[PDB]
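To keep things clear, I will list the structure first and then write my remarks on it.
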Amino acid sequence: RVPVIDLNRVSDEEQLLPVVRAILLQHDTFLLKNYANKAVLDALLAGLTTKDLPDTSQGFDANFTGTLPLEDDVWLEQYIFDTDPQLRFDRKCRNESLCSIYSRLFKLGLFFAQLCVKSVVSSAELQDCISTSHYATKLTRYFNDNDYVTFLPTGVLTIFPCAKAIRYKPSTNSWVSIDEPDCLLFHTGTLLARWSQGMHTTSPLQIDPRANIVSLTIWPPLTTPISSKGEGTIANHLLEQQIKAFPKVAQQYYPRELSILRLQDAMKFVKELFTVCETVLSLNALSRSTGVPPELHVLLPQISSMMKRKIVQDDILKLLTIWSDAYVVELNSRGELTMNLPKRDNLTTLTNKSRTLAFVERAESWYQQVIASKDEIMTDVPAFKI
């Protein structure tokens, strides 16, 4: 199940470090038991159910900060803060109740974040990336006016004051719900896994947005480079995560970034489709003896089954857009589309043996041409006209 740290048994840094480290080497999620202010914390959360309502006049900006109306009378209240005065992230939280929860979750979360880094991060220069003077936080509150959201946190760790209405993936596929109301829940983010350089891995979580969930995620300063081998920062990963969580907000504030992420899903789609089509066509060719190409409608159900989704004739035509010489697709005797492997060689097949690598290489090429051009980039691969 879930690793549990009892604070009445282990309370100081000397005791907690080997415990935290042993956990982090095999887990990304753990419970905090007997926290000295669990009662006060639970009282504050209870207060949020009837008072200190979300500021509906606040708006929701490009920093993914403010108040956002969701469906089913659910309200999101979120604040992203950074210690850097050069950054316009000045608000940690708003109302007295949320501020009290923040102060308790931060002091606790900052302590354990440093333990997490000390545990699985070898770089001495990264041992002090997070301090009381250098950090960034995201305080998230869901409010319900009387399904699960899947996300992958990107901080060092995310804390939940109550281990309730949250699902996770055991390290032993399938979601399992966590129901330990007397404990806080800790989950590590991708930054810790990344900086561990293989020592630690994390996993996505699931929450019920109608269960008044509160969470605090903690980072080093947002301007911190992810790695020496790149220019991407924590800000880039935070943005991508927030875009995936709130795509409609993204469509307004970050339309290009959204359309790229959507196009990448289309890329992933067409690559698997090609591999599936290769298998299906190869198998069908075995149940033949004469050079009569199969009608496309015959192949679709098998292709759809392997793709685990409905695949239409239009989808297969996307493959030709990426590589027109991939297949020979034409109308038959009775006006139905047929599909078969090419018989004759061209300059491509005379110089490249692998059909597998050929499609992948031309998929990325097509992908770059779209995102390098300044014309309105598409979110999908256009169907090749016959």
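Naming works like this for the structure tokens: A, B, ... for the chains as they're shown, residue 1 at the start of each chain, ligands 1 onward in shown order.
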
Using DSSP assignments from the backbone, pull out every residue in segment 33-236 of chain A that falls under strand (DSSP E) and give it to me as a CSV table (one decimal) with N, CA and C atoms, in the first residue's frame.
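Just written: result_34.csv:
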```csv
chain,number,residue,atom,x,y,z
A,33,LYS,N,1.6,10.9,9.3
A,33,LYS,CA,0.7,10.6,10.4
A,33,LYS,C,1.1,11.3,11.6
A,66,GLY,N,-5.6,33.0,-9.9
A,66,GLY,CA,-6.9,33.7,-9.7
A,66,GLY,C,-8.0,32.8,-9.4
A,67,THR,N,-9.2,33.1,-9.9
A,67,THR,CA,-10.4,32.3,-9.7
A,67,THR,C,-11.0,31.8,-11.1
A,68,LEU,N,-11.3,30.5,-11.2
A,68,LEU,CA,-11.7,30.0,-12.5
A,68,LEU,C,-13.0,29.1,-12.3
A,69,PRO,N,-14.1,29.5,-13.0
A,69,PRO,CA,-15.3,28.7,-12.9
A,69,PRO,C,-15.2,27.4,-13.8
A,74,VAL,N,-18.3,23.9,-9.9
A,74,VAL,CA,-17.0,23.8,-9.3
A,74,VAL,C,-16.2,25.0,-9.5
A,75,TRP,N,-15.6,25.5,-8.5
A,75,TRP,CA,-14.7,26.7,-8.6
A,75,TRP,C,-13.3,26.4,-8.3
A,76,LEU,N,-12.4,26.9,-9.1
A,76,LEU,CA,-11.0,26.7,-8.9
A,76,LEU,C,-10.4,28.0,-8.4
A,77,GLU,N,-9.6,28.0,-7.3
A,77,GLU,CA,-8.9,29.1,-6.8
A,77,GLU,C,-7.4,28.7,-6.7
A,78,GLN,N,-6.6,29.5,-7.4
A,78,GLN,CA,-5.2,29.1,-7.5
A,78,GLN,C,-4.2,30.3,-7.5
A,79,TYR,N,-3.1,30.2,-6.8
A,79,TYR,CA,-2.1,31.2,-6.7
A,79,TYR,C,-0.7,30.6,-6.9
A,80,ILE,N,0.0,31.2,-7.8
A,80,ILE,CA,1.4,30.8,-8.0
A,80,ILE,C,2.3,31.9,-7.6
A,81,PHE,N,3.3,31.6,-6.7
A,81,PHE,CA,4.1,32.6,-6.1
A,81,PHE,C,5.6,32.2,-6.3
A,82,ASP,N,6.4,33.3,-6.4
A,82,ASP,CA,7.9,33.1,-6.6
A,82,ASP,C,8.6,34.2,-5.8
A,136,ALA,N,9.4,28.6,-5.2
A,136,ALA,CA,8.1,28.9,-5.9
A,136,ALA,C,7.0,27.9,-5.5
A,137,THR,N,5.8,28.4,-5.2
A,137,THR,CA,4.7,27.6,-4.8
A,137,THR,C,3.5,27.8,-5.7
A,138,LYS,N,2.7,26.7,-5.8
A,138,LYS,CA,1.4,26.7,-6.4
A,138,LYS,C,0.3,26.2,-5.3
A,139,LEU,N,-0.5,27.1,-4.9
A,139,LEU,CA,-1.6,26.8,-4.0
A,139,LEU,C,-2.9,26.6,-4.8
A,140,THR,N,-3.4,25.4,-4.7
A,140,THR,CA,-4.6,25.1,-5.5
A,140,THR,C,-5.8,24.7,-4.6
A,141,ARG,N,-6.9,25.3,-4.8
A,141,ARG,CA,-8.1,25.0,-4.0
A,141,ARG,C,-9.3,24.8,-5.0
A,142,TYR,N,-10.0,23.7,-4.8
A,142,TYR,CA,-11.2,23.4,-5.4
A,142,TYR,C,-12.4,23.7,-4.5
A,143,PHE,N,-13.4,24.4,-4.9
A,143,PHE,CA,-14.6,24.7,-4.1
A,143,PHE,C,-15.9,24.2,-4.8
A,144,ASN,N,-16.7,23.4,-4.1
A,144,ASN,CA,-17.9,22.9,-4.6
A,144,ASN,C,-19.1,23.5,-4.0
A,149,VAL,N,-9.8,14.0,-12.2
A,149,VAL,CA,-8.9,14.7,-13.0
A,149,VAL,C,-7.5,14.1,-12.9
A,150,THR,N,-6.9,13.8,-14.0
A,150,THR,CA,-5.6,13.2,-14.0
A,150,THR,C,-4.5,14.2,-14.3
A,151,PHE,N,-3.5,14.2,-13.5
A,151,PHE,CA,-2.4,15.2,-13.7
A,151,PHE,C,-1.1,14.7,-13.2
A,157,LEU,N,7.7,18.3,-4.6
A,157,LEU,CA,6.6,17.5,-4.0
A,157,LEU,C,5.3,18.3,-3.9
A,158,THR,N,4.2,17.6,-3.9
A,158,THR,CA,2.9,18.2,-3.7
A,158,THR,C,2.3,17.7,-2.4
A,159,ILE,N,1.8,18.5,-1.6
A,159,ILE,CA,1.1,18.1,-0.3
A,159,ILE,C,-0.4,18.3,-0.3
A,160,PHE,N,-1.1,17.3,0.2
A,160,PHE,CA,-2.5,17.4,0.4
A,160,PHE,C,-2.8,17.3,1.9
A,163,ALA,N,-5.7,13.1,3.2
A,163,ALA,CA,-5.6,12.0,2.3
A,163,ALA,C,-6.9,11.3,2.0
A,164,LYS,N,-7.7,12.1,1.2
A,164,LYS,CA,-9.1,11.6,0.9
A,164,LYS,C,-9.4,12.1,-0.6
A,165,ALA,N,-10.2,11.3,-1.3
A,165,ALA,CA,-10.6,11.6,-2.6
A,165,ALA,C,-9.4,11.7,-3.6
A,166,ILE,N,-8.4,10.9,-3.4
A,166,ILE,CA,-7.2,10.9,-4.2
A,166,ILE,C,-6.9,9.5,-4.7
A,167,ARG,N,-6.6,9.3,-5.9
A,167,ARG,CA,-6.2,8.0,-6.5
A,167,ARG,C,-4.7,8.1,-6.9
A,168,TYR,N,-4.0,7.0,-6.9
A,168,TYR,CA,-2.7,6.9,-7.4
A,168,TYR,C,-2.3,5.5,-8.0
A,176,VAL,N,-5.8,3.2,-7.5
A,176,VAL,CA,-6.4,2.8,-6.2
A,176,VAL,C,-6.6,4.1,-5.4
A,177,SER,N,-7.8,4.2,-4.8
A,177,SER,CA,-8.1,5.4,-4.0
A,177,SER,C,-7.4,5.4,-2.7
A,178,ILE,N,-7.1,6.6,-2.2
A,178,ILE,CA,-6.5,6.7,-0.9
A,178,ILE,C,-7.5,7.3,0.1
A,179,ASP,N,-7.8,6.6,1.2
A,179,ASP,CA,-8.8,7.0,2.2
A,179,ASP,C,-8.2,7.0,3.6
A,180,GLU,N,-7.4,7.9,3.9
A,180,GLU,CA,-6.8,8.0,5.3
A,180,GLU,C,-7.0,9.5,5.7
A,183,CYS,N,-4.5,11.5,7.9
A,183,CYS,CA,-3.1,11.7,7.4
A,183,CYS,C,-3.1,12.8,6.3
A,184,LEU,N,-1.9,13.4,6.1
A,184,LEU,CA,-1.6,14.2,5.0
A,184,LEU,C,-1.0,13.4,3.9
A,185,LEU,N,-1.2,13.8,2.7
A,185,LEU,CA,-0.6,13.0,1.5
A,185,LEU,C,0.5,13.7,0.8
A,186,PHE,N,1.6,13.0,0.6
A,186,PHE,CA,2.8,13.6,-0.1
A,186,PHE,C,3.0,12.9,-1.4
A,187,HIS,N,3.2,13.6,-2.5
A,187,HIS,CA,3.5,13.0,-3.8
A,187,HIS,C,4.6,13.8,-4.4
A,188,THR,N,5.6,13.1,-4.9
A,188,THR,CA,6.7,13.8,-5.6
A,188,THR,C,6.4,14.1,-7.0
A,205,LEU,N,-1.3,11.5,-10.6
A,205,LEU,CA,-2.3,11.3,-9.5
A,205,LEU,C,-3.7,11.6,-10.1
A,206,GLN,N,-4.7,11.3,-9.3
A,206,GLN,CA,-6.1,11.6,-9.7
A,206,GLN,C,-6.8,12.2,-8.5
A,207,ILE,N,-7.6,13.2,-8.7
A,207,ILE,CA,-8.4,13.9,-7.7
A,207,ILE,C,-9.8,14.1,-8.1
A,214,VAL,N,-7.6,20.6,-1.6
A,214,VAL,CA,-6.5,21.6,-1.5
A,214,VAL,C,-5.2,21.0,-1.7
A,215,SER,N,-4.3,21.7,-2.4
A,215,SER,CA,-2.9,21.2,-2.6
A,215,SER,C,-1.9,22.3,-2.7
A,216,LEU,N,-0.7,22.0,-2.2
A,216,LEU,CA,0.4,22.9,-2.3
A,216,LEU,C,1.6,22.2,-3.0
A,217,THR,N,2.0,22.8,-4.1
A,217,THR,CA,3.2,22.3,-4.8
A,217,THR,C,4.4,23.2,-4.6
A,218,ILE,N,5.6,22.7,-4.4
A,218,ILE,CA,6.7,23.5,-4.1
A,218,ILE,C,7.9,23.3,-5.1
A,219,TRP,N,8.5,24.4,-5.6
A,219,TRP,CA,9.6,24.3,-6.5
A,219,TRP,C,10.8,25.1,-6.0
```

Within 10 Å of residue 274 of chain A, counting only C-alpha atoms, which residues qualify if same-chain residues fewer than 2 places away don't, as a PyMOL selection string? chain A and resi 269-272+276-280+303+316+318-320+326+355-356+359-360

Please save N, CA, C and O atoms of the selected residues as a PDB file, in the first residue's frame.
```
ATOM      1  N   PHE A 269      -0.240   9.519 -32.948  1.00  0.00           N
ATOM      2  CA  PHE A 269      -1.326   8.744 -33.537  1.00  0.00           C
ATOM      3  C   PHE A 269      -0.947   8.120 -34.880  1.00  0.00           C
ATOM      4  O   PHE A 269      -1.123   6.919 -35.086  1.00  0.00           O
ATOM      5  N   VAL A 270      -0.431   8.939 -35.792  1.00  0.00           N
ATOM      6  CA  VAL A 270      -0.117   8.475 -37.141  1.00  0.00           C
ATOM      7  C   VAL A 270       1.062   7.500 -37.186  1.00  0.00           C
ATOM      8  O   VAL A 270       1.132   6.649 -38.070  1.00  0.00           O
ATOM      9  N   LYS A 271       1.982   7.624 -36.234  1.00  0.00           N
ATOM     10  CA  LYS A 271       3.127   6.720 -36.167  1.00  0.00           C
ATOM     11  C   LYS A 271       2.694   5.308 -35.792  1.00  0.00           C
ATOM     12  O   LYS A 271       3.168   4.331 -36.374  1.00  0.00           O
ATOM     13  N   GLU A 272       1.795   5.200 -34.818  1.00  0.00           N
ATOM     14  CA  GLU A 272       1.277   3.897 -34.418  1.00  0.00           C
ATOM     15  C   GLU A 272       0.394   3.328 -35.518  1.00  0.00           C
ATOM     16  O   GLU A 272       0.405   2.126 -35.775  1.00  0.00           O
ATOM     17  N   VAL A 276       0.644  -0.295 -37.244  1.00  0.00           N
ATOM     18  CA  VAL A 276      -0.531  -1.160 -37.253  1.00  0.00           C
ATOM     19  C   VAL A 276      -0.912  -1.559 -38.678  1.00  0.00           C
ATOM     20  O   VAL A 276      -1.184  -2.728 -38.953  1.00  0.00           O
ATOM     21  N   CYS A 277      -0.920  -0.582 -39.581  1.00  0.00           N
ATOM     22  CA  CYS A 277      -1.241  -0.835 -40.982  1.00  0.00           C
ATOM     23  C   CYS A 277      -0.260  -1.806 -41.634  1.00  0.00           C
ATOM     24  O   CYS A 277      -0.654  -2.623 -42.467  1.00  0.00           O
ATOM     25  N   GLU A 278       1.013  -1.708 -41.258  1.00  0.00           N
ATOM     26  CA  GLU A 278       2.036  -2.610 -41.777  1.00  0.00           C
ATOM     27  C   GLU A 278       1.728  -4.047 -41.380  1.00  0.00           C
ATOM     28  O   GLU A 278       1.793  -4.957 -42.204  1.00  0.00           O
ATOM     29  N   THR A 279       1.391  -4.237 -40.108  1.00  0.00           N
ATOM     30  CA  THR A 279       1.064  -5.554 -39.579  1.00  0.00           C
ATOM     31  C   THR A 279      -0.180  -6.131 -40.246  1.00  0.00           C
ATOM     32  O   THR A 279      -0.177  -7.275 -40.701  1.00  0.00           O
ATOM     33  N   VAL A 280      -1.240  -5.329 -40.301  1.00  0.00           N
ATOM     34  CA  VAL A 280      -2.511  -5.760 -40.873  1.00  0.00           C
ATOM     35  C   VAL A 280      -2.386  -6.128 -42.351  1.00  0.00           C
ATOM     36  O   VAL A 280      -2.914  -7.149 -42.791  1.00  0.00           O
ATOM     37  N   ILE A 303      -7.718  -2.914 -37.976  1.00  0.00           N
ATOM     38  CA  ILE A 303      -6.883  -1.762 -37.665  1.00  0.00           C
ATOM     39  C   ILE A 303      -7.439  -1.012 -36.457  1.00  0.00           C
ATOM     40  O   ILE A 303      -6.694  -0.632 -35.553  1.00  0.00           O
ATOM     41  N   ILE A 316      -6.355   6.787 -42.469  1.00  0.00           N
ATOM     42  CA  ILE A 316      -5.294   6.109 -43.203  1.00  0.00           C
ATOM     43  C   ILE A 316      -4.685   7.037 -44.252  1.00  0.00           C
ATOM     44  O   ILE A 316      -3.487   6.975 -44.536  1.00  0.00           O
ATOM     45  N   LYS A 318      -4.083  10.023 -43.866  1.00  0.00           N
ATOM     46  CA  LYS A 318      -3.130  10.880 -43.166  1.00  0.00           C
ATOM     47  C   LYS A 318      -1.705  10.367 -43.353  1.00  0.00           C
ATOM     48  O   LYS A 318      -0.754  11.149 -43.382  1.00  0.00           O
ATOM     49  N   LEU A 319      -1.567   9.051 -43.474  1.00  0.00           N
ATOM     50  CA  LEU A 319      -0.257   8.429 -43.642  1.00  0.00           C
ATOM     51  C   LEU A 319       0.400   8.871 -44.943  1.00  0.00           C
ATOM     52  O   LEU A 319       1.607   9.109 -44.988  1.00  0.00           O
ATOM     53  N   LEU A 320      -0.401   8.977 -45.998  1.00  0.00           N
ATOM     54  CA  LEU A 320       0.102   9.369 -47.309  1.00  0.00           C
ATOM     55  C   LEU A 320       0.566  10.822 -47.322  1.00  0.00           C
ATOM     56  O   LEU A 320       1.463  11.187 -48.081  1.00  0.00           O
ATOM     57  N   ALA A 326       4.277   5.577 -49.320  1.00  0.00           N
ATOM     58  CA  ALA A 326       4.134   4.525 -48.317  1.00  0.00           C
ATOM     59  C   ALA A 326       3.273   3.382 -48.841  1.00  0.00           C
ATOM     60  O   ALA A 326       3.640   2.214 -48.730  1.00  0.00           O
ATOM     61  N   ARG A 355      11.243   0.579 -44.260  1.00  0.00           N
ATOM     62  CA  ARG A 355       9.999   1.336 -44.333  1.00  0.00           C
ATOM     63  C   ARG A 355       9.680   1.934 -42.970  1.00  0.00           C
ATOM     64  O   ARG A 355       9.048   2.987 -42.874  1.00  0.00           O
ATOM     65  N   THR A 356      10.121   1.249 -41.919  1.00  0.00           N
ATOM     66  CA  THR A 356       9.879   1.684 -40.548  1.00  0.00           C
ATOM     67  C   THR A 356      10.541   3.024 -40.261  1.00  0.00           C
ATOM     68  O   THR A 356       9.879   3.978 -39.853  1.00  0.00           O
ATOM     69  N   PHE A 359       9.218   6.177 -42.491  1.00  0.00           N
ATOM     70  CA  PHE A 359       8.011   6.895 -42.092  1.00  0.00           C
ATOM     71  C   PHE A 359       8.257   7.793 -40.885  1.00  0.00           C
ATOM     72  O   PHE A 359       7.770   8.923 -40.834  1.00  0.00           O
ATOM     73  N   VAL A 360       9.004   7.282 -39.911  1.00  0.00           N
ATOM     74  CA  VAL A 360       9.304   8.038 -38.701  1.00  0.00           C
ATOM     75  C   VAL A 360      10.099   9.301 -39.016  1.00  0.00           C
ATOM     76  O   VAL A 360       9.791  10.380 -38.509  1.00  0.00           O
TER      77      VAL A 360
END
```

As an exercise, work out the distance from atom CA of residue 62 of chain A to atom CA of residue 96 of chain A in Å and give it to one decimal place.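 Answer for the atom CA of residue 62 of chain A to atom CA of residue 96 of chain A separation: 24.5 Å.
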
Which one is closest to residue 261 of chain A: A:348, A:379, A:365, A:173? Count only C-alpha atoms. A:379

Determine the nearest neighbour of residue 29 of chain A from the options A:229, A:297, A:169, A:385, counting only C-alpha atoms.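 Of the candidates, the smallest distance to residue 29 of chain A is held by A:169.
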
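You can rank A:103, A:123, A:305, A:324 by their closest distance to residue 227 of chain A using only C-alpha atoms, and at the top of that list sits A:123.
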
Quick one: DSSP helix (DSSP H, G or I) residues in segment 131-378 of chain A, as a VMD selection string? chain A and resid 190 to 196 234 to 245 247 to 253 255 to 286 296 to 307 313 to 322 347 to 351 355 to 372

Considering only C-alpha atoms, state which residue in the set A:313, A:259, A:57, A:290 is at the smallest distance from residue 243 of chain A.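 Closest candidate: A:259.
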
Nearest-residue call for residue 199 of chain A, choices A:58, A:18, A:28, A:361, using only C-alpha atoms: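 Once distances to residue 199 of chain A are computed over only C-alpha atoms, the minimum belongs to A:28.
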
What is the atom CA of residue 3 of chain A to atom CA of residue 30 of chain A distance in Å? 4.8 Å

Closest of A:23, A:89, A:211, A:72 to residue 48 of chain A, counting only C-alpha atoms, is A:211

Near residue 134 of chain A, counting only C-alpha atoms, which residues have an atom at most 10 Å away, once you skip same-chain residues fewer than 3 positions from it, shown as a list in words? residues 82, 83, 84, 128, 129, 130, 131, 219, 220, 221 and 222 of chain A

Pairwise distance for atom CA of residue 363 of chain A and atom CA of residue 245 of chain A, rounded to one decimal in Å: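 Pair atom CA of residue 363 of chain A / atom CA of residue 245 of chain A returns 27.1 Å.
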